[PDB]
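For this one, two forms of the same chain are given in structure tokens, first as structure 1 and then as structure 2.
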Structure 1
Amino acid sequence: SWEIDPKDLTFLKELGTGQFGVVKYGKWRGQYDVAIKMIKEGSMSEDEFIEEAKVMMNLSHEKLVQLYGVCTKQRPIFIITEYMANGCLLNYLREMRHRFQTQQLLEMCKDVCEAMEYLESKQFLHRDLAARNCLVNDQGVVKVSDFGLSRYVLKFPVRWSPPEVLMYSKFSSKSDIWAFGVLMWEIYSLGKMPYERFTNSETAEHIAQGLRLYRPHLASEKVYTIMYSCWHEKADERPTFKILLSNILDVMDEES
């Protein structure tokens, strides 16, 4: 049920190369748009991924990039997903032509928060949430991509990691919460690199001294309060995604 026949795939355009390999646009059975992730040989714990792919295919949410299936009876193996016409969110934010209103930026945050609240309810961690791992469809909807995929990569996201990850490798729902706050910052900074004047090593040292990302000028005071709550020193004092969604909806109503 998780296996797609590669003979049903028509490769049409190269979209670019990502963290796991080249990505191409194509058609399934000459009809349906798909993205084809070609996993470069030797780069992935493939046996482990196949078994988790069966779990990932039961995760269905409108704001999760849908896994259609995999091709593993050959090499290199393929991951077949929903095609997102406007590409990755990081590049989308950096296209200044869009001249985003802040209501649009907030809607991007809400889209991701809904997907993350869904994964939280399923006790599934993303483990590498960032704007590079979010995608935008033709209607401008943002969806979360490649959730959990870093577990099978055989360059660590320091700038999206809370102190207990940098210090102790302590992963939890709350390290996803922290990363979400950084993602809100990426969105409202129109895709700047977090801690844009620091190296990873300096970021870690400054994070330990209590430094935090400044308020992007496009975020209102209430929006900065939301992203800032994701960065509490003590992980247990960080909200859940259900709480963040209620907070995002509250601000959306106030700034409508």
Structure 2
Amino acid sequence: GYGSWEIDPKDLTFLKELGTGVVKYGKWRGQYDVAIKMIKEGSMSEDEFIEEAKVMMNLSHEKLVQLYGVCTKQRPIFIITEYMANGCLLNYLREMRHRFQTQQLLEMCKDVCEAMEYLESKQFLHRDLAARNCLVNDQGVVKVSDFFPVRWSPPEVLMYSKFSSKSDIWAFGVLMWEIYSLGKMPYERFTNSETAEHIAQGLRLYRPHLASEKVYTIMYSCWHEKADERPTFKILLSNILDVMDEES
């Protein structure tokens, strides 16, 4: 048993499909908006499901998509999370520009940075940080979810498979760039193969027009060739707050 995490499936009402594992929008006990993830039989393993669910049971933060419970005494198994009304951040940046101004781009960055500082403090590596893996709620708050993506990877990952806190740092820099470019694909004119070659040669993503020099300095610091020279999420958060105060 998963203790207080076990949800009675009778308390769920299904309303709309969100993506297809099948994810749906619904309500829990007719009061709370939820997303219901229906893991289809055959995918994953005995141990694989147990790990990932318990990962979500042990991590909790205002800027991380929150697990509400699990339905495991039946097939298919349900995962129930908080509902993020505005969907995927990547689509939001591309399709919902009428809902946010330039000043709010930095706020999106801060939201993600707070999530990552928390994960960092728990010694938990995300390993796939990108706009496509963040969600946006009804108030426009960005939250990290889902805790090969060549375009989000540092040279040591691409060359040596060296994952660390510092590869998450690199990816976060790329995410800032996604936000400030309003959802452009990083290295937009290159293939993954070309991106890898260019990164290793010291090529870096250009400053998006919407990013000030100070904002660019923040994302650029994430891309130091030397992993040990990249900041921590604690440092990035302080930097972001400093720029927020100076630019508003």
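Take the two forms, find the largest set of C-alpha atoms that superpose within 1.5 Å, and that set is the rigid core. Counting starts at 1 and follows the sequence of structure 1.
Undergrad: Where among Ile177, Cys71, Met108, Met84 does the Cα move by 2 Å or more between structure 1 and structure 2 after the core is superposed?
TA: The residue that shifts is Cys71.
Undergrad: Calculate, from C-alpha superpositions, the turn of the smaller rigid part against the larger part between structure 1 and structure 2, rounded to whole degrees.
TA: Domain rotation angle between structure 1 and structure 2: 12 degrees.
Undergrad: How much does the C-alpha of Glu120 shift between structure 1 and structure 2, in angstrom, given a rigid core superposition?
TA: C-alpha displacement of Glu120 between structure 1 and structure 2: 0.3 Å.
Undergrad: Once the rigid core is superposed, tell me how far the Cα of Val55 moves between structure 1 and structure 2, in Å to one decimal.
TA: Here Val55 registers a C-alpha shift of 3.2 Å.
Undergrad: Once both forms are fitted on the core, what is the Cα shift for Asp33 between structure 1 and structure 2 in Å?
TA: The shift comes out to 1.7 Å.
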